[PDB]
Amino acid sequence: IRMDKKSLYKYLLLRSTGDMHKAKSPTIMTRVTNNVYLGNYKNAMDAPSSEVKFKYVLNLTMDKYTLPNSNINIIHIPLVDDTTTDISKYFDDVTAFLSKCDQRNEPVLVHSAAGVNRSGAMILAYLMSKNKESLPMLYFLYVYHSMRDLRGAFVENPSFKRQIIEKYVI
């Protein structure tokens, strides 16, 4: 049971003109594609012993943690969640790595502190990168709002949203 056929279009245009719930902190991990997951700091601590056989965790926070009782490989890309940091510089490599994970069915968790702005930006970028079908402006609006509806908050950082738009739309 899904919505097809220009209900998505009204959904999108209404969301695009203010029909948006106030930001609600995301709590549980979200499976976004077959092997790619999106979460927050707690979710990463919880990653050793979750239903998923993670091979990788992509740590987007500033601090290099370990999960030493586990065999998960922790990739650290330290970024700040601010309106000045350039996150686009890592777009190509990160989306490339995530697609490799999806090809090899190697589960990977993409997380930040909140699971909203450094991690949601990389998940958005991945989704945009994998779109060969749909007009980017519309794919962008659909992805953004459906992910926000799902998670409660998604790339609330305006500068991160600007960087995705420039990279993948304009």
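Start at 1 and count along the sequence shown; that's the residue number.
Comparing 92-100 with 73-81, the stretch with the higher mean C-alpha B-factor in the PDB entry is 92-100. Judged by mean Cα B factor in the deposited record, 19-27 ranks above the other of 19-27 and 147-155.
Of the candidates 130, 53, 64, 111, it is 53 whose Cα B-factor is highest according to the PDB record. The entry lists C-alpha B-factors for 68, 48, 115, 136, and the highest of these is at 48.
Sorting the modelled residues of the chain by their CA temperature factor places residue 11 in the middle third. Among the modelled residues of its chain, residue 1 has a C-alpha B-factor that falls in the highest third, as given in the PDB entry. Among the modelled residues of its chain, residue 170 has a C-alpha B-factor that falls in the highest third, as given in the PDB entry. In the deposited entry, the Cα temperature factor of residue 32 places it in the highest third of its chain's modelled residues. In the deposited entry, the Cα temperature factor of residue 105 sits in the top third of values across the chain's modelled residues.
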